[PDB]
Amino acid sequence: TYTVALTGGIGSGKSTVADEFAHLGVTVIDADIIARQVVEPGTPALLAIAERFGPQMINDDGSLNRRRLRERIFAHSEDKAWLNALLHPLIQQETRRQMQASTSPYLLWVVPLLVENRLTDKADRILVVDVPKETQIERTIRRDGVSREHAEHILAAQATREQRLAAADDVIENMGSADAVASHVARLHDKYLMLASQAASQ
């Protein structure tokens, strides 16, 4: 299936761009969403986490108390492997299920912040969500509860803004009026529909 990679640094707001594509019927594959889905309220995996580590793992709406789980793994690094053994097969199965259930002309793949492979191994086109460096820092401080220096450190460990822009086929600046960002998405959506038709004609 014709695949567009959606990439962007921390604080780029790319999940809001992904949502705009989703609103046009595009299947969005996002490992961060799928990881939350496999431990949703009522799931066997969430029960296993609570039965091992305790009822403090579950908040009052039934969802995972992520910080309490992070604390447990931080105290006992051996429980990383247990958690990966529980969740990794579920994440693989759910990723594949969502891909197989897709009926859209193309797929949008939200690239993780830590990328292991060349994006061109998977993507037919690369879309970078770009914002100024200071916007990344500002948004990360507000959303993630980190200090400025921490945000600057995360940036230093990610691909640079310049490397991301150079690798991109298209760039969407997640800046200015939200209406205009959404119109930019709609314009790119048309380009991707045509490219998917061209790829399928072959």
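The numbering used is simple: start at 1 and walk along the sequence shown. Here the rigid core means the biggest group of C-alpha atoms that line up within 1.5 Å when the two forms are laid on top of each other.
After a core fit, the C-alpha atoms in 6 other deposited structures of this protein lie farther on average from the shown form in one of 57-65 and 154-162, namely 57-65. Take 128-136 and 91-99, fit the other structures onto the shown form by the rigid core, and average the C-alpha distances in 6 other deposited structures of this protein: the farther stretch is 91-99.
As listed in the deposited structure, the average C-alpha B-factor of 45-53 and of 132-140 is greater for 132-140. Averaged over their C-alpha atoms, the temperature factors of 141-149 and 160-168 are higher for 141-149. When the C-alpha B-factors of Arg118, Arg72, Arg96, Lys80 are ranked from the entry, the top spot goes to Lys80. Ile126: CA B factor lies in the lowest third for its chain, per the PDB record. In the deposited entry, the Cα temperature factor of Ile154 places it in the highest third of its chain's modelled residues. In the PDB entry, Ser197 places in the middle third of its chain by CA B-factor. Looking at the C-alpha B-factors along this chain, the one for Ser177 belongs to the highest third. Ranked against the other modelled residues of its chain, the C-alpha B-factor of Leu114 as given in the entry falls in the highest third.
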